[PDB]
């Protein structure tokens, strides 16, 4: 299923905080949250980085 935010792009934007990540959003939408200094939408941890994730 697509990014829960835009419903258009795949869930390829891994929201990384320490050793864990929440993957529920696209890279574009996750980056927007990081750039706006917003926390992770599912766990409220501050975002360290967005990783463009490929499901090999």
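Positions refer to the first chain, counted from 1.
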Split into thirds by Cα B-factor across the chain's modelled residues, where does residue 12 land: lowest, middle or highest? lowest
Would you mind checking where the Cα B-factor of residue 5 ranks among the modelled residues of its chain, as the lowest, middle or highest third? highest
Ranked by Cα temperature factor within the chain, is residue 18 in the lowest third, the middle third or the highest third? highest
Going by the entry, which third of its chain does the Cα temperature factor of residue 49 land in? highest
